[PDB]
Amino acid sequence: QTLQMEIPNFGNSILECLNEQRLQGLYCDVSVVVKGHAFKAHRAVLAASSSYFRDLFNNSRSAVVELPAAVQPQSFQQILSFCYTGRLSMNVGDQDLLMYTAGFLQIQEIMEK
Amino acid sequence: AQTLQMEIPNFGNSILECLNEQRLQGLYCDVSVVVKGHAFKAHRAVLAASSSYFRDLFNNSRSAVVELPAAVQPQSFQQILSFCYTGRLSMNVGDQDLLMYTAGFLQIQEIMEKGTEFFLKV
């Protein structure tokens with residue numbers, strides 16, 4: 001006799017809270033610095049969507065990581081937001097940079113087919 | 001915050017599932033919660049999203065290891081931890097009282113409120 005409970009779309013709700021947390025700088029365990037702009041985040045969430053961060057966080061315990069000159073802050077901001085929401089916004093004029101950065105950071109689900 | 005170029009449905013559902021797998025392998029975890037000498041790796045963020053007790057505990061401390069009081073049992077805790085990462089709670093008839101007590105202690109408010117509830121599994 002098993003008793004069972006199941007909350008529908010639980011992950012959807014939890015990731016929203018994690019995004020709120022990040023937006024308010026709560027329970028973050030890494031700071032990612034891009035051209036002198038610091039973004040707080042959770043390693044776990046970055047790792048879930050990026051094989052680049054997966055490999056980096058597998059191999060380094062530093063509290064801050066700085067990305068190379070490739071990555072620009074606006075682009076990174078969009079990618080970060082994607083990792084917490086599954087939404088990627090449109091970028092008029094810098095779609096090439098955004099795509100380059102997504103590829104660089106090996107964001108696996110951002111491109112299709 | 002205008003035009004999206006992509007939107008993955010049910011993204012959070014899949015990501016939390018990834019987070020659960022990471023925990024089960026000890027990856028990218030930032031806290032170790034110890035219960036009657038049994039240590040559990042976790043992510044503070046995932047605990048805090050579901051547990052008012054943990055939110056509090058993490059703000060009144062600066063420590064990678066947390067020890068829960070002796071009133072909290074390991075098997076029950078494991079069930080609560082899994083729930084925080086899945087939204088599913090499972091257990092045997094005969095263990096519901098202990099699980100409910102543990103959920104109360106850790107102030108998992110999704111567990112004891114209106115909405116979905118426990119059932120007998122098929």
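Residues numbered from 1 in each chain as written, not as in the entry; some residues may be left out. Chains lettered and ligands numbered in written order. Heavy atoms only, no water. Residues with missing side-chain atoms left out of burial classes, pairs and counts.

As recorded in the PDB entry, chain B goes by Nucleus accumbens-associated protein 1 and comes from Homo sapiens.

If you look chain A up in the PDB entry, it shows as Nucleus accumbens-associated protein 1 from Homo sapiens.

## Regarding the overall build of chain A
Scanning chain A for helices and strands turns up five helices and five strands. Counting helices and strands in the order they occur from the N terminus, chain A gives β-α-β-β-α-α-β-α-β-α. Seen along its three principal axes, the alpha-carbon backbone of chain A occupies a region of about 60 × 35 × 25 Å. Summarising the internal contacts of chain A: among those between residues at least 6 apart in sequence, 55% fall at separations of at least 24. Total accessible area on chain A stands at roughly 5,700 Å², and carbon and sulfur atoms take up 49% of it. With 8 positive and 10 negative side-chain charges, chain A shows a separation of 5 Å between the mean positions of the two kinds. (Helix = DSSP H or I, 4+ residues; strand = E, 2+ residues; numbered from the N terminus. Contact = heavy atoms within 4.5 Å. Areas by Shrake-Rupley, 256 points an atom, 1.4 Å probe, with all protein chains shown as cover. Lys, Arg positive; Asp, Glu negative; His and termini not counted. Charge placed at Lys NZ, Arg CZ, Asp CG, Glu CD.)

## Overview of the overall build of chain B
Within chain B one finds five helices and six strands. Across chain B, helices and strands are ordered from the amino to the carboxyl terminus as β-α-β-β-α-α-β-α-β-α-β. The long-range share in chain B, meaning contacts at least 24 apart out of those at least 6 apart in sequence, stands at 56%.

## Digging into the interface of chain B and chain A
Taken residue by residue, the interface counts 46 residues in chain B and 45 residues in chain A. Area buried by chain B at its contact with chain A is led by B:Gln5, B:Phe11 and B:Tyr28, which between them contribute 19% of it. The interface formed by chain B and chain A includes 21 residue pairs in polar contact. Contributions of two or more residues to the side of chain B that touches chain A are made by β1 (4-7), α1 (11-24), α2 (44-50), α3 (52-59), α4 (74-86), β5 (88-92) and β6 (119-120) of chain B. Looking at the side of chain B that touches chain A element by element, the count peaks at eight residues for α1(B). Residue composition of the side of chain B that touches chain A, grouped by class: 24 nonpolar, 15 polar and seven charged. (Buried area = accessible area lost by both parts, 1.4 Å probe. Polar contact = N/O pair within 3.5 Å; in protein donor to acceptor, adjacent residues only side chain to side chain. Nonpolar A, V, L, I, M, F, W, Y, C, P; charged D, E, K, R; others polar.)

## Description of the sheet that holds β6(B)
Pairing in this open sheet of three strands is antiparallel, and the strands run β5(B)-β1(A)-β6(B) from one edge to the other. Looking at strand neighbours, the two that pair on one side only are β5 and β6 of chain B, the edges of this open sheet. Against the sheet, α4(B) contacts β1 (2-6) of chain A together with β5 of chain B, and its axis sits at roughly 150° relative to β5(B). (Pairing = 2+ DSSP bridges. Axes fitted to C-alpha atoms, helices over the stretch in contact; angles between N-to-C directions.)

## Structural notes on the packing of α4(B) against helix α5 (residues 96-105) of chain B
All names here are of chain B. It is the contact of α4 with α5, at a shortest axis distance of 9 Å, that shows an interaxial angle of 65°. α4 and α5 meet at a crossing whose hand is right-handed. Within the contact between the two elements, α4 uses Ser 76, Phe 77, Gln 79 and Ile 80 and α5 uses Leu 98, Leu 99, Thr 102 and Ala 103. Within the contact of α4 with α5, the residues separate by chemical class into five nonpolar, three polar and no charged. (Left-handed = near helix turned anticlockwise from the far one by under 90°.)

## Things to note about helix α4 (residues 73-85) of chain A
In an α-helix, one turn spans 3.6 residues, which is why side chains three or four residues apart end up on the same side. All names here are of chain A. If you check α4, its first and last C-alpha atoms are 18 Å apart, about what 13 residues at 1.5 Å a residue would give, namely 18 Å. Along α4, the residues classified as buried are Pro 73, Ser 75, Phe 76, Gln 78, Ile 79, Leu 80, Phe 82, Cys 83, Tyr 84 and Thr 85. Following α4 by one or two positions, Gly 86 has its phi on the positive side, about 80°. (Expected span 1.5 Å × (residues − 1). Buried < 20%, exposed > 50% of the residue type's maximum accessible area, 1.4 Å probe, protein only.)

## A short note on the side chain of A:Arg22
All names here are of chain A. Assignment of secondary structure puts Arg 22 in helix α1 (residues 10-23). The buried charged residue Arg 22 lacks any salt bridge partner; its closest oppositely charged side chain belongs to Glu 20, at an N-O distance of 11 Å. At a separation of 2.9 Å, a polar atom in the side chain of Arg 22 contacts the side chain of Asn 19. Those residues in contact with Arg 22 that lie beyond four places of it in its chain are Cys 28, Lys 40, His 42, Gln 77, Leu 80, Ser 81 and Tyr 84. (Salt bridge = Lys/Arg side-chain N within 4 Å of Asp/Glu carboxyl O.)

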